[PDB]
Each structure stands twice: as C-alpha cells, then as structure tokens.
Amino acid sequence: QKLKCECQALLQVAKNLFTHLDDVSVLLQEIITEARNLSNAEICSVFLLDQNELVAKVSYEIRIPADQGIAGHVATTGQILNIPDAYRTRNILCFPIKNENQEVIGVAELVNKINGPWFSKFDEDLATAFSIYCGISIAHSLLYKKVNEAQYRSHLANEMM
Amino acid sequence: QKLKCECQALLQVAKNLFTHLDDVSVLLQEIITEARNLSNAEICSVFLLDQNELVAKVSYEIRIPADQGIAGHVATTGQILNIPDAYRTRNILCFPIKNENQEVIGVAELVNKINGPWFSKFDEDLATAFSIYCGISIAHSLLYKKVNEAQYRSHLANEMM
Amino acid sequence: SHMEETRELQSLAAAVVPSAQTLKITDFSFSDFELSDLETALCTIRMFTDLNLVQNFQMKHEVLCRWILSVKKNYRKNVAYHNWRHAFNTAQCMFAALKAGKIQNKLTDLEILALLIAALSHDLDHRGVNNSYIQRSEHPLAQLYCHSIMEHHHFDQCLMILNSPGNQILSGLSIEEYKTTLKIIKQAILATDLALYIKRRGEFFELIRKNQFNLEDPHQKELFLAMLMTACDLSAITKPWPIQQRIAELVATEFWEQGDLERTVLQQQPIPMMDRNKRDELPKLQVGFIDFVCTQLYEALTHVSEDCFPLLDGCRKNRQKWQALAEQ
Amino acid sequence: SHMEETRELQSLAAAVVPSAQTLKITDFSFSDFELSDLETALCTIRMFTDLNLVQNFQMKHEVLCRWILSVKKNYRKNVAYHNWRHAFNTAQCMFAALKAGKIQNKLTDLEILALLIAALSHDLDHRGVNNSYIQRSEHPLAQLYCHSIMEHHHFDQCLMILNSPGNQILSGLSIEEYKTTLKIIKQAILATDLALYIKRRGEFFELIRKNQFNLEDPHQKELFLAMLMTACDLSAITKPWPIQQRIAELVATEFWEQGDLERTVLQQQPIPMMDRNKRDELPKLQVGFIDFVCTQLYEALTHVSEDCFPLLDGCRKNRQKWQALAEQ
Amino acid sequence: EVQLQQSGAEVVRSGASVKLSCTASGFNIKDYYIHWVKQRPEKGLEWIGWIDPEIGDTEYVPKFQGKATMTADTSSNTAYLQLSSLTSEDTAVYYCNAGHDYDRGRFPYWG
Amino acid sequence: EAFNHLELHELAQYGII
Amino acid sequence: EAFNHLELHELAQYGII
Ligand SMILES: CC(C)Cn1c(=O)n(C)c(=O)c2nc[nH]c21
Ligand SMILES: CC(C)Cn1c(=O)n(C)c(=O)c2nc[nH]c21
Ligand SMILES: CC(C)Cn1c(=O)n(C)c(=O)c2nc[nH]c21
Ligand SMILES: CC(C)Cn1c(=O)n(C)c(=O)c2nc[nH]c21
C-alpha cells in the first residue's frame, strides 16, 4: 500500500518537474519543494556541478569546490550518503544527480527529518528514484537553455543586418 | 489490481512521450505505438488540426476537412466516439486531443479490437486518460518546433551579416 | 472566388505579424522560395510597421490588409517572372536597403512611404512582355500612353487601387501630403523603366565620380530615388547563386514566351535574349547585361551608402559564375 | 600564477568554438561587456577559423590557443581602456569589416592573416599613456625609438611573442611568406599611430574624392590598409549609444589618469581632454574629435565598400548625441 | 482524337530523293516540336531531329546532316521530311511524332 | 526613345527601348 | 612630428603628436 503510494507520488512529481523544462530556475525550485515533501526534510539545497565546482545558487549564487565538504564528496564519489547525527542541524541525506551515463551533474542535500531520528533507509531508494527524474530533467533543462541563449545572440546579430 | 496497473502503464507512457518533445514526428509516432498497446488496437492514426482541416500525415502527408467523417465529427464536437460495428474493418474508437483550454488540437482513431468484439467502455476512460498526455505533449512539442524553426531563420540571416 | 478572397482577409487581419528578425527580411541575401502567400503578405505588414509608416500615417490594420491583398491579386499568376513575388522581392530589397543599408536616416517619412508603396506596385498587371513589344504590336496601351507605356499603366493601376474603398491606406494624410506622395510614387514607378534608367544614369554616375553627389540637393535626391528604384527592381541579380540560378530561370521562360509571339503573331525574329532556341547563349547574355546595366549601378549605390555593398558583392559574385558558364 | 595560466590553456584548447552566428561577431553593433575572458578567446579562434587562416596556414589548435592566451596576458589589466578588450573589440571590428563589410574578396590570404594578427596586438603592453607624454617625460622608450614610439614597441612585443616556443602560429609559412607577412604586420601596427593617420589620410581622401582610388594599385592598397587599421582601432566610436557611452567612460578615466601625472611628475598643465577637472567639457571635446578624426574616415571607407556603412551610421549617430549633451 | 497521319510506303531508287508527310488532325502543331525517328529492320529507333513549326527552326543530329530536311506548315498542319541521295541504309520505317515545345521530350503523339 | 546610334545595338539586344 | 603651424592647436588638444 506504501510502495504503490510512492509511485503515484513520483508519477505526480515526474509530471511536475517535466512541466518546467522551460526554466531551469523554476525547475530547480520544484526539485527542492518536491524533494522536501517526498522525503519530508526540513530543508533541501541543490548543487549543479559547474566544471570543477558546485553551484547551489539556491535568491543568490553560491559557488564552492566540487570536492569539498558533504556535497563535494557525494559529487566526487557519485554515491548517496546518509547521516544519523551530523556531528537546528541534526541529520543530512545527500545524493548525486548524474546524467545519461552516470556523470554526476549536480547534487542535493536534505537536512533534518520531520517526525524522526534520521532518514529511513527507505528514504534513499525513494530519493534515488526521484534523483533519476532530477538528472533527466536538469540535463534537458540546461541543454535547452544553451540553445535559447545562443540562438538569441544569433538574431541580436541578425537583426543588425 | 487492474486500476493500479493502468497507471504504472500510463506512468510509463507519460515518461515516454515526454522524452520526445524534441521531435513532433517521433513523438507523434510514440503516441500511436503507445495508444495501440494501451487499448490493444489493430491500428491507430493521429490527426493534428491544421486550422480548418485534419492532417494525419501518418511516411506521407494526409490532409482532409476538419469536420468530415469520423475524425471530423469528433474533432468538431470535441467528444469521444465509440463504435461496436463500423458498418479488415470492424470497430473504431476515436478521441479528441484539445489543449490547456479544451480546444481540440488533434484527433486519434483506433481500429479493430484484438481479442474482442469492440472497445471496453473502460477503453475510453483509459483512452481519455492517455489523451491528456497526448494533448499536453503535442501542444508543447509543436510550440517548440515553431521557435526552433524561427530562431533558425533568424540566424541564417544573421550569419549573412 | 470572391469567397476565398474574403476569408483570406479574415485570416490575415487576425494573424500575428512576426518580427523582422524572425522573418529574415532585414537580409540582402533573403529568399521567398519557401514562404507561403500568406507569409509574404505578413512580411509586407512588418515592413510598413517597422518603417513607422503604420503609426505615422494612422493606418488601420483592417485597411492595409485589404490593400496589400488587392495588390497581390492584381499580379498575374500565369506570368513567369513578373508576378507578385517579384513586387514582393523588390519591396523587401527596398526595405533591406533602408534598414541594413541605412538610408532611412537620409530621407523623409513621405519619401519612405512612397518608395514602399511604389516598389510593391511597380509592375501591376504586367502581362509578361516588354515595352518594346507592346509598341511594335500596336497594343491599344501604346495608343493610350506615349513613353514608358507599361510603367504608366502600372501606376494607373496602383492609383486605381488606392482609391478603392477600404484600401485608402493613405486616407490619413493631409491633402498636401497625399498630393506630393502621389507625385513621388508616380516618379518612382516610371523610374523602373529601363530606358529612363539609361537616359539618366550618366548624370548621376558623375556626381558620384566627382565626389560632388549630395542628397541635400532637392534635384540630386529625386534622381537618386529613381536610381534606387532600379537598384531594387533588379536586385534579383545580387542573390546567392542557387537563387540567382532559379530566378534567372523564370526571366528566361518569360522572355522565350515573348519570343514565340514575336515570330507567331508579329512574324519577326526575336532578339537572341528572347529567342528560345538560343538558350545556350544565356550566360554570356547575362554577363553582358550585368556589365552593361548592373555592376555600374550597385557600385554607385555603395559610394552613397557603404552598408549597401552586399548588393555589389552578390552581383559581381554571380557575374563570376555566369562568365564561367558562358565558357561552358 | 603560472598555474592558472596553464590550466587556462587546458580548458581552452578543449572547448567547442561556437559558430560566428552564435557569437554575433559578424555584427558591427557587437559588444563584449557580457562576455567572459574565456569567451573572448573563443571568438578569436572562430575569427581565425572562419577567415580560413587556420586551414590555409597549417595552424595547430594547440599552438594558436597558447599564442592567443599569451597576447591576452600581455595586455595590462590596471590600464583603463587600452587593455585586452580593446585589442579584441578592434579585431572583431576588423573581422566584421572583412565579412559583413565584404572586403575579404578584395585581398590576399597573406594580407588577411596579417591584419588580424596586427589588430590583436596593435597596443601590446600599452601603459595607459600617449606618445606625446612618453616623449615629453624622457621615457627610455623614447631614447630607444624615434617616431611612433609606442607603436614600435607594440610591434617589438607582437614579434617577441610569435617567436616564443609553442606560439609560432606562423610556423607553417614558407620563409618568403613569413618574411612579407611580418612586413605588412609592421606596417599595420605602425599605422595605428594617429599622427601617421593624419600625415597620410589627405592623400587617400583625394583618390576617393576624385573617383580615382583603386585597390589593384600596390601602393594605393597598402595605404588603404593603414586607413583600415585606424578605422578599426577606434571603431568604438561607431557603437550603439549605451556602449559608446560606457567605453567613452574608460577612455575618459585613462586620460584623466595621465593628466594627473602631467601635473604631478611633469609639473605641466594637461590638455583639457586629459584634465580631470574639465570632465564637463567632455562631450564637445568628443564632438570636435569625431569631426576632426572620424566621420571624415568612415565616409571614405564606405565609398570603398558600401556594406561598411553601418560604421558611418553609428558614428554620426553618436556625434548627434554628444552634441546634444555638449549643449547640456 | 489527336492524330498524326503519315503518307504511304515508298519504294525508291538509290540516289533519288523522297518527301514524306505527316498531317495533324484534332490538334494544332504550332505549339509542339515535331520530331522524326528512324527504325531500321531488326534495329532500335534512332532520333533524326525536330522542327519548331512556329518559327521554322530545325535541329538535326550529325548523322543526318545533308540527308534529311524537315519543313512544316502550321496552316495545313503538316510536317515534311525530305530524304536525299538515298542508299540501301536509308531503308527503314520513319515516324513523325509531337511533343509540347516547352516539354523536355515526352512523345504523346506518334504517326 | 531616341538614343545615340552607336548605343542602339546593345540597347536592343537587351530588352530595352 | 612636424606639421603645418596652423594645424598645431587642434592636433595637440586631441591626444596627437
Ligand atoms: C482627393 C484627395 C486629395 C483626398 N484624399 C485624401 O486626402 N487622402 C488622405 C486619401 O487617402 C485619399 N484617397 C482618395 N482621395 C484621398
Ligand atoms: C525587366 C527584367 C526582366 C530585366 N532583367 C532583370 O530584371 N533581371 C533580374 C535579369 O536577370 C535580366 N536579364 C535580362 N533582363 C533582366
Ligand atoms: C627565421 C624565420 C624566417 C623562419 N620562421 C619561419 O619560417 N616560420 C614559418 C615561422 O613561423 C617562424 N617563427 C620564427 N622563425 C620562423
Ligand atoms: C587612442 C584613443 C584613446 C583615441 N580615442 C579613441 O580611440 N576613442 C575611441 C575615442 O573616443 C577618443 N576620444 C579621444 N581620443 C579617443
């Protein structure tokens, strides 16, 4: 009954992240909201690998080394990381994003469980499940910005002729 | 058990039509394949309203009046249509597409049931279910072609300067 | 028939006019081959719009649309090159000239409006035959008009349409404005007579040559306006080879079609250029014409405006390819 | 320091160079304000590439990249206007001139290569001060070189870099080619001395005036090549107002910075143009300069090539706005 | 219907000449190119050339220069083929056919 | 349409006059 | 850098010479 329920859940969320491929910024937000209710986190932050560093702008912009701290490790290693006690902190569930291959393309971390000591070791396969849709959507979402950006500059020039 | 099954079904198909917003042509194909297995039709054809006429190019191009025949009616009326006997024909389940509003934007018809006399009056709510994802996807899929087309012409010119 | 016409107005006077960028009409290298009829009309509206003609002269979207459509339907379909797509390709050249070539900043709003309206209608009801023929065949049009026969007719038509009801795109002009606009339009259309281009260009080529040419001079200007008309009227010759290729195919046919009439009703021998049999002497005939009529002119036009060079470039570039061909 | 430099080459010599269309470098109305450092370098590569320089002279992606980077790092950051973005904006103008202005079709591959390399390095190691100052302050550079002091230095630098290991972007040239390329490059860079522009332009303005100017003539050409250098060297003045606005802000500061030195180490009074206190007489000083130095030249350039008019248009368009301002 | 009617068979002496006719009915030859093609016994058809009856312009393939002479007359709608200095090798069936002057080479009508 | 007699041939061989 | 003496003022008031 639960298993069946975390799909309709995901079915939902899949259909919500895919209605924002338009805006990597709105999309990036959705991923956060959704990621927070799905796992029931106090807070989620999302980092998008920018070459050799993590950028979770999430509004300001926050750079940092891609291999530094929690985010950096998980990003480096490409494998989830669960924390019971981190030592209003407490716990942290942090997971990779990776693209079509398995190239971690971003990273997200949830802090503190609501109604709980930590993250259900089920809150991981569910996070991994979600995390496929985040990588699928971020990947295309960025790949679509690149075009629109370029293609725009292309005409800024052409209206010049 | 069945109800739960026609969702994972749709969950699937939602995620397959949305991985082809790139190509209204591939997408248009997907809609056909998927629409045929979901209902289990011998054949599906899909018409996209082109102003005052139906164009189910589905490879050649087939125009025809938007209000003519089965397709035309359903397209005109904006409401499904089930046929037991049509008189290797037999039956025909034909349904509208409509956009964000309820503007029928295309139409699809399935012919002849496999293992059956006709179309389960369940094969209708399932078709309507699907048909939401077809309208959602076609709508954006076309709206994305329009840009890429234009934006291209924009630079064909700009590379001229 | 009247029915398809009238829905055509419905659909047109309600569609969004895309940007000039979108339409690539700002380009000297522009082509219509792939546009629909409805699209061309749309470009036209964008033209008027982006030249500020629409706002500065209180044009109603409704009216302009009718008018445009009217001009469209008054070009003959059966006519090989001198159909609507010629009037359109000319006006787009004209438009490109004012924008990218940067000439707008050199002349008045009354002049810009007149050039555009003229460019669009400079060949109305052209029946696929030159002034020379109609004269030699004693067409009643030759009995009516003296010199520049066809060009007088093209104008008679332009004006007939502007006086049509729901086509008065000029309705917004003061009587004085209207009065002089029409004057300029008459001058523009007549200027597209190749004979006048020849009998006048010498004058203009010298003021250029002698670094004396100057717009401010009222007369020097209106001469130039003539030259500009010609410039756009045969801009086709400044197109990318694949285009020049194909549009030269139409001029070809239309000529040959006249050549047939010359020996069938007139019982004379056509000039080689319209002698269907001599299709293999096309390229040199093209070369000689480009030399005689064209390079000369587009050179001048660039001295007047540098940004108009693409025209000169594309011209000699085609001359290059015809010459090669002429040598098989 | 050496470390950031070297990774900069890694990242650069492995990124995809976007198309010229994408980069809008084909535009006379182009701006760099929003580009990164890495992006500018990329444009440069696209420049060399689309001028066929890369293929016709067997350049290795590796080498070109190093070279470009080297030039970049040899412009002074602390210097207000005469930094890398100036060399870059010049070369892009130069590039735009050859393409959209259509000049490529008028000169050799050896000449195009030389112009580009020259445009990029015409101000190397510029220390934010004019020839006049360095002369009057008895800089050792004045003891070394006779006339066109700075410009001789800019070249000394250009050449030092081309002889650097893994920077020989010319390595592919026959010794004869190399030998004459360098000659032209020397001529180009020196030509960006405003004093030579003045002491030579008269000659050139007449051949234009008298409709006598002709490229074919070897000498007439190399003169024009000088004029073309100047044309791009101060193309900034032909930019959209918002850009011209801001780049005039840098020239401003750099001048004023020199003005300070003039009364602090030299104990002389600076010309008003570099007299920080007189910042309110900028616009008229701009006007007078545009009149004296610019319009004159861009006019000429259009007579030579019409498609180069946008430069003239943008120039007088800014003159317009400065004049207004000068009248508060 | 559209028809091309040719003259009857001729038995001629070597060295002589013969003139063949091809008459159009149901249509006018003016806007067509009239072509002639030869067919030798046990051999394929070989094109001789065409005439543009409107202007009288003719084009012959090199093997028939000075052998064949084509003429036409649009008022009587008849085209002619004159063959001179005949030899054994000229024995064949001769066809006239027609195609639109603006057409590349389709032969919709044959005598 | 009266032009110099030397011009006349070129004028005519193109569609002018 | 020797120019006509009439030119000299304009030349100098701009950064030239
Ligand atoms: C008769 C004419 C002077 C009056 N007049 C006019 O003033 N405008 C502005 C028109 O558009 C127009 N059309 C026909 N007559 C017109
Ligand atoms: C009036 C027109 C047929 C004259 N004209 C022309 O416009 N183009 C574009 C040609 O290429 C051409 N060649 C011969 N006449 C020509
Ligand atoms: C010393 C010089 C003539 C030889 N030479 C040369 O031929 N090419 C092609 C270069 O790029 C180069 N760079 C330094 N010397 C060079
Ligand atoms: C050498 C340079 C500072 C001369 N220069 C220039 O290039 N631009 C673009 C100006 O606007 C300007 N104004 C005075 N000097 C100027």
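Method of determination, as annotated in the archive: cryo-EM, at 11.0 Å resolution.

Draft legend 1. A look at the overall build of chain E. When helices and strands are tallied, chain E shows zero helices and nine strands. When the helices and strands of chain E are read in sequence order from the N terminus, they spell out β-β-β-β-β-β-β-β-β. Its C-alpha radius of gyration of 13 Å places chain E within 12% of the 13 Å reference for a compact globule of 111 residues. Taken along its principal axes, the extent of the C-alpha atoms in chain E is 35 × 25 × 25 Å. Counting all 111 residues of chain E, 41% fall into the buried class. Residue pairs at least 24 apart in sequence account for 50% of intrachain contacts in chain E once pairs closer than 6 positions are excluded. A total of about 6,300 Å² of accessible surface is found on chain E, and carbon and sulfur atoms cover 47% of it.

Draft legend 2. A look at the relation of the copies chain C and chain D. Rotating chain C by 180° and moving it 0.0 Å along the rotation axis overlays it on chain D with an RMSD of 0.0 Å. Both chain copies can therefore be described as sitting about a two-fold axis. Judged by C-alpha distance, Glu306 of chain C is the residue of chain C that lies nearest the rotation axis, at 1.1 Å. When the interface residues of chain C are mapped onto chain D, 100% of them are again interface residues, pointing to one common binding face.

Draft legend 3. Structural context of the site of ligand 3. All names here are of chain D. Lining the immediate surroundings of ligand 3 are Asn163, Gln168, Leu170, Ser171, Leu173, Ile175 and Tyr178. Between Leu170 and ligand 3, the recorded distance is 3.0 Å, taken from a backbone N or O atom to an oxygen atom. Notes on ligand 3: free accessible area 380 Å², of which the protein chains cover 66%. Classifying every residue of the shell around ligand 3 gives four nonpolar, three polar and no charged.

Draft legend 4. Seen up close, the site of ligand 1. Residues and elements named next belong to chain C. By nearness alone, every residue bordering ligand 1 is listed as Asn163, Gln168, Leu170, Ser171, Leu173, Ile175 and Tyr178. A distance of 2.7 Å separates an oxygen atom of ligand 1 from a polar backbone atom of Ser171. Look at ligand 1: alone it shows 380 Å² of surface, and the protein chains cover 66% of it. Along the lines of polarity and charge, the residues of the shell around ligand 1 split into four nonpolar, three polar and no charged.

Draft legend 5. Looking closely at the packing of aromatic side chains. Enumeration over the complete set of coordinates arrives at 27 aromatic pairs over all chains. The interplanar angle of 45° and the centroid separation of 6.1 Å between the aromatic rings of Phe213 of chain C and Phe224 of chain C together place this pair among those described as tilted. With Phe213 of chain C in the loop between α12 (194-209) and α13 (218-233) and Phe224 of chain C in helix α13, this pair connects stretches of sequence that are eleven residues apart. No difference in accessibility class separates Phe213 of chain C from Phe224 of chain C, as the two residues are buried. Seen in terms of ring centroids, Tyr95 of chain E and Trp110 of chain E are 5.9 Å apart; in terms of plane orientation they differ by 80°. Their pairing is edge-to-face. Placement of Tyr95 of chain E in strand β8 (residues 93-100) and of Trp110 of chain E in strand β9 (residues 109-110) is noted, with a sequence separation of 15 residues between them. Look at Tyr95 of chain E and you get partly exposed, because its relative accessible area is 24%. In this structure an aromatic cluster arises from ring pairing among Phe30, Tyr75, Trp84 and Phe88 of chain C.

Draft legend 6. Expanded view of the interface of chain C and chain F. Listed by partner, the interface residues are 15 residues for chain C and ten residues for chain F. Between chain C and chain F the total buried area reaches about 1,100 Å² when both faces are included, carbon and sulfur atoms providing 68% of it. Linking chain C to chain F there are zero salt bridges. Summed over the shared surface of chain C and chain F, the number is four residue pairs in polar contact. Those elements that place two or more of their residues in the side of chain C that touches chain F are α8 (131-136), α12 and α15 (282-304) of chain C. Tallied by class, the residues present in the side of chain C that touches chain F amount to eight nonpolar, six polar and one charged.

Draft legend 7. The state of the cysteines, seen in detail. All names here are of chain A. Overall, the coordinates contain one disulfide over all chains when judged by the stated rule. There is no disulfide at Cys7, and the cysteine sulfur nearest it, in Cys5, is 8.7 Å away. Here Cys7 falls in the partly exposed class, since its relative accessible area comes to 34%.

Draft legend 8. Broad picture of the arrangement of the chains. Looking across the nine pairs of chains in contact, one finds the most contacts between chains C and D. The two units chain E and chain G remain apart, with a minimum C-alpha distance of 71 Å.

Draft legend 9. Representation of the interface of chain C and chain D within the structure. Between chain C and chain D, the residue contacts involve 22 residues of the former and 22 residues of the latter. Taken together, the two surfaces of chain C and chain D that pack against each other cover about 1,500 Å², and 46% of this comes from carbon and sulfur. Sorting the residues of chain C by area buried against chain D places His303, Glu306 and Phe309 of chain C first, and these three jointly supply 39% of that buried surface. Where chain C packs against chain D, one counts two salt bridges. In this structure, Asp313 of chain D and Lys102 of chain C form a salt bridge, with 3.5 Å as the shortest nitrogen-oxygen distance.

Draft legend 10. Structural view of the sheet that holds strand β3 (residues 81-83) of chain A. Residues and elements named next belong to chain A. The strand order across the open sheet formed by five strands is β2-β1-β5-β4-β3, and the pairing between neighbours is antiparallel. The open sheet has two free edges, formed respectively by β2 (54-55) and β3, since each of these has just one partner strand. Inspection of the sheet shows strand β1 (residues 41-49) paired to strand β5 (residues 106-113) by seven bridges, in the antiparallel sense. Pairing of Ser45 across the sheet is with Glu109, part of β5. With respect to the sheet, helix α3 (residues 69-77) is in contact with β2, β3, β4 (92-96) and β5, its orientation differing from that of β4 by roughly 35°.

Draft legend 11. Geometry of the packing of helix α13 (residues 218-233) of chain D against helix α15 (residues 282-304) of chain D. Residue and element names in this part refer to chain D. At a closest axis distance of 10 Å, the pairing of α13 and α15 adopts a crossing angle of 125°. With respect to α15, the axis of α13 lies oblique. Pair α13 / α15 crosses with left-handed handedness. Judged by residue contacts, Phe224, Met227, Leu228, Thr230 and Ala231 of α13 engage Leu297, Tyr298, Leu301 and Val304 from α15. Here the contact of α13 with α15 is built from residues that sort into eight nonpolar, one polar and no charged.

Draft legend 12. Representation of the side chain of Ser121 of chain D in the model. All names here are of chain D. Within the secondary structure layout, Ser121 lies in helix α7 (residues 109-121). Accessibility expressed as a relative area gives 1% for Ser121, which makes it buried. Among the polar contacts made by the side chain of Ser121, one reaches the main-chain carbonyl oxygen of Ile117 at a distance of 2.5 Å. Beyond its immediate chain neighbours, meaning those up to four positions away, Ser121 contacts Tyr75, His154, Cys158 and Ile189.

Draft legend 13. Quick look at empty space enclosed by the protein. Residues and elements named next belong to chain D. For the largest cavity, the calculated volume is near 980 Å³. Forming the walls of the largest cavity are 49 residues, and the residues nearest its centre are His82, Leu194, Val251, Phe255 and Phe289. Every element with two or more residues in the lining of the largest cavity is listed here: α8 (131-136), α10 (149-162), α12 (194-209), α14 (241-264) and α15. It is α14 that provides the largest number of residues to the lining of the largest cavity, a total of nine residues.

Draft legend 14. Here's a closer look at the packing of helix α3 (residues 37-50) of chain D against helix α5 (residues 61-73) of chain D. Residues and elements named next belong to chain D. Contact geometry for α3 and α5: axes closest at 10 Å, N-to-C directions at 130°. Judged by the angle between their axes, α3 and α5 are oblique. Seen from above, α3 lies across α5 with right-handed handedness. Contacts between α3 and α5 involve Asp37, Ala41, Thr44, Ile45 and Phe48 from the former and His61, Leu64, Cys65, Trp67, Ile68 and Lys72 from the latter. Residues belonging to the contact of α3 with α5 are distributed by class as follows: seven nonpolar, two polar and two charged.

Draft legend 15. Examining the nonpolar core more closely. If you look at the biggest cluster of nonpolar residues, it comprises 221 residues, and the most contacted ones within it are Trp67 and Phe224 of chain C together with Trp67 and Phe224 of chain D. Ignoring anything within four residues of it in the chain, the contact list for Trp67 of chain C reads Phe48, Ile117, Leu120, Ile161, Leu162, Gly166, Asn167 and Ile169 of chain C. The next biggest cluster of nonpolar side chains, apart from the first, holds 59 residues, and it includes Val13 and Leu93 of chain A together with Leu28 and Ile32 of chain B.

Draft legend 16. How the structure looks around the environment of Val46 of chain A. Residues and elements named next belong to chain A. As for its position among the elements, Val46 is in strand β1. When the C-alpha positions of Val46 and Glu34 are compared, they lie 12 Å apart, and in sequence the two are twelve residues distant. Not counting the four nearest positions on each side in its chain, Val46 is found in contact with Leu28, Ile31, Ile32, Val55, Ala56, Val58, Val107 and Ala108.

Draft legend 17. Molecular detail of the pairing of strand β2 (residues 18-25) of chain E. Residues and elements named next belong to chain E. Sheet topology note: the strand β1 (residues 3-6)/β2 ladder contains four bridges and is antiparallel. Looking at β2, one finds that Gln3 is bridged to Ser25. With six bridges connecting them, β2 and strand β7 (residues 78-83) associate as antiparallel partners. Each bridged residue has a counterpart across the sheet, and for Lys19 the counterpart in β7 is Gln82.

Conventions adopted
Residues numbered from 1 in each chain as written, not as in the entry; some residues may be left out. Chains lettered and ligands numbered in written order. Part of a larger assembly, values for the part shown. Heavy atoms only, no water. Helix = DSSP H or I, 4+ residues; strand = E, 2+ residues; numbered from the N terminus. Rg over C-alpha atoms; globule rule 2.2 N^0.38 Å. Buried < 20%, exposed > 50% of the residue type's maximum accessible area, 1.4 Å probe, protein only. Contact = heavy atoms within 4.5 Å. Areas by Shrake-Rupley, 256 points an atom, 1.4 Å probe, with all protein chains shown as cover. Least-squares fit on C-alpha atoms. Near = heavy atom within 4 Å. Polar contact = N/O pair within 3.5 Å; in protein donor to acceptor, adjacent residues only side chain to side chain. Nonpolar A, V, L, I, M, F, W, Y, C, P; charged D, E, K, R; others polar. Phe/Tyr/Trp six-rings, centres within 6.5 Å; stacked < 30°, edge-to-face > 60°. Buried area = accessible area lost by both parts, 1.4 Å probe. Salt bridge = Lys/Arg side-chain N within 4 Å of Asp/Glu carboxyl O. Disulfide = S-S within 2.5 Å. Pairing = 2+ DSSP bridges. Axes fitted to C-alpha atoms, helices over the stretch in contact; angles between N-to-C directions. Parallel < 35°, antiparallel > 145°, perpendicular 65-115°, else oblique. Left-handed = near helix turned anticlockwise from the far one by under 90°. 1 Å grid on protein atoms, 1.4 Å probe; cavity = no way out; pocket = protein on both sides within 12 Å on 5 of 7 lines; lining within 4 Å. Points joined across faces, edges and corners; volume = space filled by probe spheres on them. Core = buried A, V, L, I, M, F, W, Y, C linked by side-chain atoms within 4.5 Å.

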